[PDB]
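these chains are from a complex, not moved at all, and more is on the way:
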Amino acid sequence: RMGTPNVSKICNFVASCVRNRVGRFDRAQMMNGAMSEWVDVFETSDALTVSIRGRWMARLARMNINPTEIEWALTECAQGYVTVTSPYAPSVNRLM
Amino acid sequence: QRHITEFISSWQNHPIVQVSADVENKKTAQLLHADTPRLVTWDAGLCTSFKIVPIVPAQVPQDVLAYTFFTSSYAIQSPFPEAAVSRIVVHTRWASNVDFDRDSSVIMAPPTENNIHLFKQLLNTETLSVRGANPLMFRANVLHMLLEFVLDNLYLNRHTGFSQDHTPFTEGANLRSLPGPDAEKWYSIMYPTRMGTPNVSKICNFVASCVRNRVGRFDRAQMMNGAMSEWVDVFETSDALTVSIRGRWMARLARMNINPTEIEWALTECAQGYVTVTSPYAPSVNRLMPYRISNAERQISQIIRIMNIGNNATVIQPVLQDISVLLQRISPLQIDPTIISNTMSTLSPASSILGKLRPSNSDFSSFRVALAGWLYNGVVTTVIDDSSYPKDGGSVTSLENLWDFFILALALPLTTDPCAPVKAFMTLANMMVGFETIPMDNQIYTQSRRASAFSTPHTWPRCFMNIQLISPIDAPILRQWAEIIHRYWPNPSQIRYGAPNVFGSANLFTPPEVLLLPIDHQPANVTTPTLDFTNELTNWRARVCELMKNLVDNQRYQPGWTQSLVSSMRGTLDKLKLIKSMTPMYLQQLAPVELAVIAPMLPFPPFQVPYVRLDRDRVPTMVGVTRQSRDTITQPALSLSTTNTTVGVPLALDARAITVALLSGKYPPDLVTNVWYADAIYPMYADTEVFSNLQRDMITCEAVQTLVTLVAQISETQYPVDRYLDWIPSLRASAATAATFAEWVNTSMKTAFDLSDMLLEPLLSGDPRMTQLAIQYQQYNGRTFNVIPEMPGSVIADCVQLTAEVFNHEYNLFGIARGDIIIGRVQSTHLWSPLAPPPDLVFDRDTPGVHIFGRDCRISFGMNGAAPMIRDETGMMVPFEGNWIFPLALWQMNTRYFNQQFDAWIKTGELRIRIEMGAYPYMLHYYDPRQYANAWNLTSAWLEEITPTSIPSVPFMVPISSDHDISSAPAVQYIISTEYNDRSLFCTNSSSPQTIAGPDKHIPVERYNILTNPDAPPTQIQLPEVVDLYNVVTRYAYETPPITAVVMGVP
């Protein structure tokens, strides 16, 4: 995106760099006010920290549970002494 | 004529007419709700998009100034104004007259004026400067421009009457009369040959040379009214392209044309014989009723409808509400829960239930809503609040809980939920816990587990699945209930619907002519009695009452009762079981008849999937839809469809209200069903909008096919598509870029059809690169059904290809300049144009020593007496002079820097640089040759307008045309084009008799070939090279009857 205005190795290197590998690579969304659960994009960054965050996400996903499951469990724990309730709708992506 | 729907009843002198709301007389009449474009139009004005503009008249010797008769003189008027130079100008339908406007007209400014707005009509609209357009967006803009021209030309020329002429040349000849004034000016344009040319001028010489026979009406339809025939052929100035496009549009209308007798039969079928339309009609010679359609178009449209719906509950609630209002006034049946209360004649269990009922509320929406949901079986789910069920699973001793159970049992068969029987069974088990024992196959699910948790078949218990597996001894009341449910479980029904010959049906997951129902229905009989155990609901109520009595008989479930309520409870239950409600009777006969009548009435076809009452394995789990072809693999993204996990939208309704209504139904005592229905239906049928919905759907289908073809045309795809204007500049647009351009096309189409409703919004929603639409659904056992429709071709695409080839032949006429230009100041007394200057003066591309410069080429600058020579791309440093070749893209990258380096060279430098342009829009300025001309300031301004993002249309300064020798003064111009693009000029200096040398332009014989050449046949064509400005044309008059029905009885 920077203007070359130089024959610098950087300027030659930018011309060499692939034009198409730019912008969001992919996303889990399209609708307005419908956030992508995940999105892929080519950008300056370091692979190692991204990999670390991905493994962190994997462990969190391993512990994640669904809200309907939670409502049933809480109701059972209450034993009818108290009642907890959840409405019926598709997962909007809340980590549990 | 204001009425668009005309209905006359046979049993009443009360005709009912449906009209557009725009009319001033909606008195006691239905109106047309759907937003629909008027595709058919009649033209009261010339269908001309191009008008020549004459810069200065030229005439020489002239025989006569006015025709002489008695003391009066007929004036001589030239349809073509005289000019030293005359060029046509673009204003689509500039001479047309119509009540309806496409609002797609294109006006191109005259050559002295800038037409940049049309070139920038698409992506270049956002420019502060009037001039200037982005090059890589040019191809998209041109395609859209052609599209707008076609949409703007969607009209029919109304046939009009003719008149005998009294002008001497065609005295007694028949001239079609244009409306009111200018008709003689219009006559001169249609029949320039009629105009005499006593004066001598190139126009006059041409008129004198013209053939007398090629004028007036070529032919007329033998049938005619007064001076006007059904169709006619006449000789006049015209554009073949528009006529050809209209012919294709007319051909589509001809295929769509439908016949009235078929309509009468279809109307009778829709009425189901309740009402019948009459056609003892005098035939219309031009009667036109375009109602031919294919169910495949309907299927594509419904897939679009589902994507467009994007689960909008807000859209669904109103349709259901309007339908419920219709059912409320479409049903003569009266509901009287207070009558039930009086029959009861009422610590009281009856008092408890009465307080629970709270009958004061007068709203009955839920029952009608339930019927509507049954109609949309596939997309609708009926659900019940657990709170409707007894609190805490109810109490064996609770009388109020007993009331809840009875009401729940009554509405349980009603619920569309497939696992609802399982839930009711679980509910009974929950109340039975500690009295009867139910085994559970799964530890996770308990006997007291809330039934709503068991919302799916896989959670159906194996003990629940086999009654024999459960011990009858363990839960004998429960065992009996299971057997009774199997013995009396409700039966759903399927009823024939739709008319294939016209509307047909697009049903895929369901049979097209069959309508699915969750309730078995039987033939209506007016004499039928109130009591009917044969009715499934009545039998169910009776069985449930007896089962409850058996359960409460020992009072084991209700210990602690000092007094036996068994006798009282049995009496109340017996009265309830024997209640003479006609609501089940009404549902058995009246409800089916009403639903059958409304099915054609439904504006939106219901979505249903096959009903499997006991087929748990064959119960479908979900429905999948695809925008891509199966072979392609693409990212799945977040969508609206996710919001409804259930394919049927879940709906919860008030069970108490529905149960009370079911127990409280009575018809009017003297009511005649046929009479009541015919009376209500006749205005309602006069209110039909199905035709409008069908027309909108057909337009959407045509648009979709055209869109996919255009996407292949303007994008790189595997499918081969002809693009002859790839030379027109364009970058590789991202799918989103193409989609945004497509969205602009869609907004244009809606405005063109004046559409107030959203069009193809799901199509514009996203996933523009979708290879194929496909849909499938699967069963709990895992069996699946997949439906994929086949694309029907679009006339628009073929017309587009033809126009594209015409543009490629006529792009110079089109006003866009192909090729590049060379920068060189030149002052001379010769008239050579930038389009046609001396070639030697321009350095040709294949020339030695021309300089092209490398992007990183070493650059040297001199300051404070320093002198720099730029190292060349070849690597040899040279002075800033000579003939150079510069790529435009490099220039855009460094426009300011290049201008600064050559600014001295640009103003006074003899250095000549060629920037490769390939194609571009151009701007024309006329100038006076006898006064000094300097474009250097003008060139600087144009260069400053040139920008890295995009460049302005080239500004051209040209001299005023002259037919006579005139004095001249020096003129300085640095812009030199490499090719002649002056084909656009219609004529030059009509006055001059002959030219020894240099440019001279006359009226084109080929464009006036029929008039110019007698040998040429009238229908002979020179397309695409020559387009005749004046030609013989066909105008037809047709008459269209809109929806009209005469309602009567069946023979």
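On my side now, so go ahead. Residues are numbered from 1 along each chain as shown, chains lettered A, B, ... in the order given.

I figured residue A:5 hits residue B:856, correct?
No - under the criterion of Cβ atoms under 8 Å, residue A:5 makes no contact with residue B:856, lying 9.8 Å away. To be clear about C-beta, it is placed using only N, CA and C from the backbone, and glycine gets the same treatment.

Isn't residue A:23 up against residue A:39?
No - between residue A:23 and residue A:39 there is no contact under Cβ under 8 Å: 11.0 Å.

Looking at these two, which is more packed in?
Applying other Cβ atoms under 10 Å in any protein chain shown to residue A:23 and residue A:39 shows that residue A:39 carries more neighbours, namely 13 against 10.

Contacts only, for the more buried one.
Neighbouring residues of residue A:39 by Cβ atoms under 8 Å, 6 or more residues apart in numbering or on different chains: A:24, A:26, A:27, A:28, A:29.

Do a quick rundown of the helices in chain A.
A:9-16, A:47-63, A:67-78 (DSSP state H).

Out of those, which one sits most buried?
helix A:67-78 (a mean of 13; mean count of other Cβ atoms under 10 Å in any protein chain shown).

Only whichever of the contacts of residue A:39 are buried, select them in PyMOL.
Of the contacts of residue A:39, the buried ones go into a single PyMOL selection, burial set by 16 or more other Cβ atoms under 10 Å in any protein chain shown:
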select buried, chain A and resi 27+28+29
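
picking that back up, next, format the helices of chain A as a markdown table and append distance to chain B.
Shown next, in a markdown table, are the helices of chain A (distance: least, Cβ to the nearest Cβ, whole Å):
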| stretch | distance to chain B |
| --- | --- |
| helix A:9-16 | 7 |
| helix A:47-63 | 18 |
| helix A:67-78 | 7 |
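
how far away is residue A:2 from chain B?
Going from residue A:2 to chain B by Cβ to the nearest Cβ, to the nearest Å gives 12 Å.

correct me, but that residue touches residue A:14?
Yes - using Cβ under 8 Å, residue A:2 is in contact with residue A:14, at 7.1 Å.

List the contacts of residue A:4.
Contacts for residue A:4 (Cβ under 8 Å, 6+ apart) come out as A:11, A:14, A:15, B:855, B:856, B:893.

Could you work out the most separated pair of the residues you listed?
A:14 and B:893 (12.6 Å; Cβ to Cβ).

Now residue A:14: closest residue in space, sequence neighbours ignored.
residue A:4 (6.0 Å; Cβ to Cβ, 6 or more residues apart in numbering or on different chains).

Ramachandran coordinates for that neighbour?
Backbone torsions of residue A:4, given as degrees, to the nearest 10, read phi -70, psi -40.

Quick test: name the residue nearest the centre of chain A.
residue A:38 (3.1 Å; Cα atoms, centre = their mean).

residue contacts, the residue lying closest to that one once chain neighbours are set aside?
Here the nearest residue to residue A:38 in space, its sequence neighbours aside, is residue A:28; by Cβ to Cβ, 6+ apart that works out to 4.7 Å. Counting by Cβ under 8 Å, 6+ apart, residue A:28 touches A:36, A:37, A:38, A:39, B:635, B:636, B:637, B:638.

and with 6 Å instead?
A:36, A:37, A:38, B:637, B:638 (Cβ atoms under 6 Å, 6 or more residues apart in numbering or on different chains).

before we move on, back to that, quick one, phi/psi of the residue nearest to the centre of chain A?
Residue torsions, per degrees, to the nearest 10, at residue A:38 are phi -140, psi 160.

Also residue A:8?
Per-residue torsions, residue A:8: phi -60, psi 160 (degrees, to the nearest 10).

and it, what is it in contact with?
Counting by Cβ under 6 Å, 6+ apart, residue A:8 touches no other residue.

Kindly recompute the last result at 10 Å.
A:14, B:856 (Cβ atoms under 10 Å, 6 or more residues apart in numbering or on different chains).

again with residue A:3
Residue A:3 sits in contact with A:11, A:14, B:893, B:894, B:948, where contact means Cβ under 10 Å, 6+ apart.

so residue A:14 makes contact with residue A:1?
Yes - counting by Cβ atoms under 10 Å, residue A:14 does reach residue A:1; the two are 9.2 Å apart.

let's put chain C on the structure above:
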Amino acid sequence: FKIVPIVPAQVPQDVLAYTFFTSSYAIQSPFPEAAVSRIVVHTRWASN
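Okay, chain C now, added to the rest:
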């Protein structure tokens, strides 16, 4: 990790031709432009 500039390039000089003077353009750069520059680890240096 963020690159840190160690040694910059040498400019300006009278002899140097300036149709070219790159420093005259002064465009912002993604990475440091210098005679010597080295990458450095700065965890969450741009993180918010």
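
Could you re-examine the contacts of residue A:39 with chain C now present?
A:24, A:25, A:26, A:27, A:28, A:29, B:637.

give the contact list for the second one.
Applying Cβ under 10 Å, 6+ apart, one finds that residue A:25 lies in contact with A:39, A:40, A:41, A:42, A:43, B:635.

The first one too?
By Cβ under 10 Å, 6+ apart, residue A:24 lies in contact with A:36, A:39, A:40, A:41, A:42, A:43.

Weed out the non-buried ones from those.
Among the contacts of residue A:24, those classed as buried by 16+ other Cβ under 10 Å are residue A:36.

quick one: which of the contacts of residue A:24 is nearest chain C?
Nearest to chain C among the contacts of residue A:24 is residue A:43, at 11.2 Å by Cβ to the nearest Cβ.

That closest one contacts residue A:1, doesn't it?
No - using Cβ under 10 Å, residue A:43 is not in contact with residue A:1, being 11.9 Å away.

Name the residues contacting each of those two.
Counting by Cβ under 10 Å, 6+ apart, the shared contacts of residue A:43 and residue A:1 are residue A:22.

So which bits of chain A are right by chain C?
Within chain A, the residues that sit near chain C (Cβ under 10 Å from any Cβ of the partner chain) are A:1-8, A:10-11, A:14, A:44-46, A:48-49.

how about the residue nearest to the centre of chain A, what does it touch?
Applying Cβ under 10 Å, 6+ apart, we find residue A:38 in contact with A:26, A:27, A:28, A:29, A:57, A:93, B:638.

Can you give me the neighbour number for residue A:6?
Number of residues near residue A:6 (other Cβ under 10 Å) recorded here: 19.

List the residues that contact it.
Residues in contact with residue A:6 (Cβ under 10 Å, 6+ apart) are A:12, A:14, B:856, C:20, C:22, C:23, C:25, C:27, C:29, C:33.

Can you tell me the closest non-neighbouring residue to residue A:72?
Nearest residue to residue A:72, sequence neighbours excluded (Cβ to Cβ, 6+ apart): residue B:453, at 6.5 Å.

quick one: which of the contacts of residue A:38 is nearest to chain C?
Nearest to chain C among those: residue A:57, at 16.8 Å, using Cβ to the nearest Cβ.

so who does that closest one touch?
So residue A:57 contacts A:38, A:64, A:95 (Cβ under 10 Å, 6+ apart).

Pretty sure residue A:73 sits against residue A:84.
Yes - judged on Cβ under 10 Å, residue A:73 makes contact with residue A:84 at a distance of 9.1 Å.
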